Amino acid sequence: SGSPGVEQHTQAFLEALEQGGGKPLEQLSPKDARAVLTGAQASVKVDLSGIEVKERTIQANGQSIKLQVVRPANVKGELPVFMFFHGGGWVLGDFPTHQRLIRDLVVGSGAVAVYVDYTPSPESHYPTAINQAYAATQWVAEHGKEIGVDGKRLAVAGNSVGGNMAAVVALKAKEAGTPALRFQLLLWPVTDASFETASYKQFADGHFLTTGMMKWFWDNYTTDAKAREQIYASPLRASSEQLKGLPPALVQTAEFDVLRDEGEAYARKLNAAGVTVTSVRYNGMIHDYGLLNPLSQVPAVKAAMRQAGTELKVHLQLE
């Protein structure tokens, strides 16, 4: 259905989905919901060139954690590196569904991505995945040489709940005093377990990500109300003092997205706390505009991805 002002190809995409019908995502089993994203991402020819992908399993904070290391192809020597935390509402998502987005960030930045295969929900609940995410980030900082990266030049990045994860890993790194981070790339992040922002009200349905989906995503992640109030679940709830000293951020938000307002609000809180922030709203876009392969050639999406890669590159340079 969409709205006046939705970018033309995105609007066509929304209409094609409406005609296709099918059950609301949140009425599916996690397995069947996962298959929706898998199938949709696979239905589109996309450019995945210019990268070399290798899996690595690490022992970090008491568990085995699987990584996918995505390196710019045909480049010798140590490279700087960004952790990549995937979206999908905690229930969905994985490496191959996100590979095109990751590839675009790697090719556009010249930096290595370290995808972390965190445990999905509801198989696990908060704070399992963020603890794995942080553990892997600390491991890369310490052991980067083993995977061809300079762990001292380290950023965090992610889309959607992965943007939540990147923001929270940055907070955990501050709390732990390690590792040092150059940059946080927050792509249309989830930042608050509340559903009353103006954007949540305006875009509740008809714009791909629905309020119904977000509540289901949060419910699968954790139904503990006290957990949801913690800054490691809802970083928007952090005080200025808690946010002070966090790494420079680029926050991209989508105009037609229930999560738009909380993402922009988080950018404002970082700014009020003295953190360097660039906050950019991509007009015409829906949530996960940079993830969804059917939208990967939309010119505004390409421009957003060029920016995301360039800003990673700018913040990951030698001194």
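Just count from 1 along the sequence shown to find any residue number.
Colleague: Got a sec? Mean C-alpha B-factor, which is higher, 21-29 or 8-16?
Modeller: The stretch with the larger mean CA B-factor is 21-29.
Colleague: Taking only the CA atoms, which stretch has the higher mean B-factor in the record, 60-68 or 260-268?
Modeller: On average, C-alpha B-factors are higher across 60-68.
Colleague: According to the Cα B-factor stored in this entry, which of the following is highest: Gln184, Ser109, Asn74, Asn164?
Modeller: Of the candidates given, the C-alpha B-factor peaks at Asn74.
Colleague: According to the Cα B-factor stored in this entry, which of the following is highest: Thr137, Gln99, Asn159, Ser194?
Modeller: Each of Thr137, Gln99, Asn159, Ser194 was compared by C-alpha B-factor; the highest is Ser194.
Colleague: Comparing against every modelled residue in the chain, figure out the third that the C-alpha B-factor of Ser49 lands in (lowest, middle or highest).
Modeller: Its C-alpha B-factor, which the entry lists for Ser49, ranks in the highest third among residues of this chain.
Colleague: In terms of the chain's CA B-factor thirds, is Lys145 lowest, middle or highest?
Modeller: For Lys145, the deposited C-alpha B-factor lands in the highest third.
Colleague: If you rank every modelled residue in this chain by C-alpha B factor, which third holds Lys174: lowest, middle or highest?
Modeller: According to the entry, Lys174 has a C-alpha B-factor in the chain's highest third.
Colleague: Mind checking which third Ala35 falls in for C-alpha B-factor across the chain?
Modeller: It falls in the top third of the chain.
Colleague: Considering every modelled residue of the chain and its Cα B-factor in the PDB entry, is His207 in the lowest, middle or highest third?
Modeller: It falls in the middle third of the chain.
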